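>
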Amino acid sequence: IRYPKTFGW
Amino acid sequence: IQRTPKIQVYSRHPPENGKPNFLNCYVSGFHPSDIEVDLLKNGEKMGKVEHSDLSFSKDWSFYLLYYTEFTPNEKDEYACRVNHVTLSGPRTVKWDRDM
Amino acid sequence: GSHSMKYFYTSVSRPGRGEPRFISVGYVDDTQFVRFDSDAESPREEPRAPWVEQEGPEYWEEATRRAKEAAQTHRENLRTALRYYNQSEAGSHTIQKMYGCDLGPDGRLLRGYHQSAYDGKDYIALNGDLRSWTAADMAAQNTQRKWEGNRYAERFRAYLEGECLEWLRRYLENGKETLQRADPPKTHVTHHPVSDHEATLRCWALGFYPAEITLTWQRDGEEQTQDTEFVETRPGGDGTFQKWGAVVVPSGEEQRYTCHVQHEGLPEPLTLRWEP
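Chains as they are written, first to last, in full-length UniProt numbering: chain E, 165 to 173; chain R, 21 to 119; chain A, 24 to 299.
Here's what the structure looks like:
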């Protein structure tokens with residue numbers, strides 16, 4: 165399963 | 021940074037003349053991901069060539085597997101042609117049943 | 024006996040040719056099971072393993088959602104990077120990101136991964152302690168600071184010990200006969216004369232899983248690096264792996280060379296000689 169949140173640079 | 025692709029053209033199983041088999045061209049350690057790969061029979065692009073989904077390894081270099089179904093013999097010659105920004109023109113690697 | 028789940032992300036900007044291409048793939052150990060491509064005719068999370076197809080619609084919808092969100096954010100990261108390194112919007116650039124978790128035999132988290140590169144070079148990576156970040160340059164220090172500001176390492180750690188492990192175990196159970204297998208390599212030695220005073224010995228290892236394997240040549244019981252060529256482990260195209268190691272030998276000394284193969288599917292390591 166993928167990680168829900170994606171971090172912005 | 022740009023990296024030159026490595027090419028390995030080989031068969032899934034040990035080749036036997038007249039016996040159906042699978043031809044693979046494995047391109048790795050290249051960058052960027054923009055690349056063109058062709059499987060050739062006697063210098064001409066084969067009928068149905070597909071490839072795996074783009075992925076990369078520890079050093080971030082990409083790798084792809086192109087493949088088709090082939091039945092090896094003695095008179096036919098198979099090869100893999102690769103085009104990449106790091107390559108001065110297309111590079112062609114003939115399939116060697118010893119490798 | 025220690026398994027792993029990893030996701031790989033690749034975003035490539037293509038000025039003038041529309042939005043950047045986004046390709047993400049999921050792996051359990053050395054087996055791909057999912058795939059998302061923004062250039063697919065109907066972009067969505069797709070199964071690439073037989074044992075993941077049994078997941079109901081909710082799984083594929085949620086996975087597609089997360090994949091798309093990742094694509095958007097990556098697209099924003101491209102722009103942010105253009106601003107950081109002060110680069111043109113007419114040039115092509117690439118962001119790569121691998122993450123994932125290692126399930127230990129004791130059922131607890133063994134290893135954690137969250138690392139990302141820009142244009143093929145390290146950008147920012149989660150440290151082994153799973154609490155701090157390492158930035159490769161000045162531009163990445165901004166990302167590091169702002170990631171520390173919103174406690175992202177901790178938030179990812181919650182996933183590492185949560186959904187990641189749960190779903191990893193699930194995948195392991197569902198694909199037991201293909202993921203928890205240890206298929207040994209079919210091996211053999213071949214002989215290929217180089218001239219009249221030399222000949223190449225090639226040690227083969229075909230159809231093994233996982234990809235982890237060791238091939239060495241020895242002369243009189245002593246490892247040899249001189250005049251040897253070991254090719255990069257390659258996929259079979261059917262879920263297996265291959266590898267061969269060659270050594271150039273003086274004609275007449277063939278019987279003093281031995282090939283040594285170590286693999287998880289092998290009860291004991293193999294010692295092979297050329298059998299004409």
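Idealized CB from N, CA, C, for every residue including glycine.
(1) Buried or exposed: which applies to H104 of chain R, given that a residue is buried once 16 or more other Cβ atoms fall within 10 Å of its Cβ?
(2) Under 7 Å Cβ-Cβ, which residues of chain R neighbour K144 of chain A?
(3) Using only CA atoms, which one of A:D152, A:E196 and A:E68 lies nearest to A176 of chain A?
(4) Measuring only the C-alpha atoms, how far is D142 of chain A from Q119 of chain A?
(5) Taking a cut of 9 Å between CB atoms, which residues from the stretch 249–274 of chain A lie near chain R?
(6) Under a CB-based cut-off of 8 Å, is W115 of chain R close to chain A?
(7) Indicate the three-state DSSP secondary structure (helix, strand or coil) for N103 of chain R in the structure shown.
(8) Just how far apart, CA to CA, sit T54 of chain A and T166 of chain A?
(9) When DSSP labels each residue in this structure, what does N100 of chain A get in the three-state scheme?
(10) Any C-beta of chain A sitting closer than 8 Å to the C-beta of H51 of chain R?
(11) Expressed to the nearest angstrom, what Euclidean distance is found between the alpha-carbon atoms of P290 of chain A and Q22 of chain R?
(12) What residue from A:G198, A:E245 and A:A104 has the CA that sits closest to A163 of chain A's CA?
(13) Since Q119 of chain A meets chain R, which of its residues come closer than 7 Å, beta carbon to beta carbon?
(14) Looking only at its own chain, which residues have a Cβ that is under 6 Å from the Cβ of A205 of chain A, when we skip the five neighbours before and after it?
(15) Along the beta strand (DSSP E) that carries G244 of chain A, what are the first and last residues, could you check?
(16) Determine the closest residue to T24 of chain R out of R:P110, R:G38 and R:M119, with distance taken between C-alpha atoms.
(17) Using the beta-carbon of each residue, which ones in chain E are nearer than 8 Å to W170 of chain A?
(18) At the level of alpha carbons, what is the spacing between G24 of chain A and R192 of chain A?
(19) For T251 of chain A, collect the residues of the same chain with a Cβ closer than 6 Å to its Cβ; drop the 5 residues on either side in sequence, then sort them by chain order.
On the basis of the coordinates in this document:
(1) Classification of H104 of chain R: buried, given that the 10 Å Cβ count is 16 or more.
(2) Per Cβ cutoff of 7 Å: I21.
(3) Here the closest residue by C-alpha is A:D152.
(4) Counting only the Cα atoms, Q119 of chain A lies some 8 Å from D142 of chain A.
(5) Within the stretch 249–274 of chain A, the residues whose Cβ lies closer than 9 Å to some Cβ of chain R are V254, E255, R257, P258, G259, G260, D261, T263, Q265, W267 and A269, listed in chain order.
(6) Using beta-carbon distances, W115 of chain R does not count as an interface residue toward chain A, since no partner is under 8 Å.
(7) In the three-state scheme derived from DSSP, where H, G and I count as helix and E and B as strand, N103 of chain R is classed as strand.
(8) Using only the alpha carbons, I get a separation of about 32 Å.
(9) DSSP places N100 of chain A in the helix class (H, G or I) of the three-state scheme.
(10) By this cut-off, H51 of chain R is an interface position.
(11) Spanning the alpha carbons of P290 of chain A and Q22 of chain R requires a straight line of approximately 42 Å.
(12) Cα-wise, what sits closest to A163 of chain A is A:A104.
(13) The answer, in chain order, is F76 and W80.
(14) Same-chain partners within the cutoff: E287 and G288.
(15) Annotation for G244 of chain A: no beta strand (DSSP E) segment contains it, and DSSP assigns it neither H nor E.
(16) With respect to the C-alpha of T24 of chain R, the residue from R:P110, R:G38 and R:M119 having the closest C-alpha is R:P110.
(17) Within 8 Å Cβ-Cβ: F171.
(18) The alpha-carbon of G24 of chain A is positioned some 12 Å away from that of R192 of chain A.
(19) The residues are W240 and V270.
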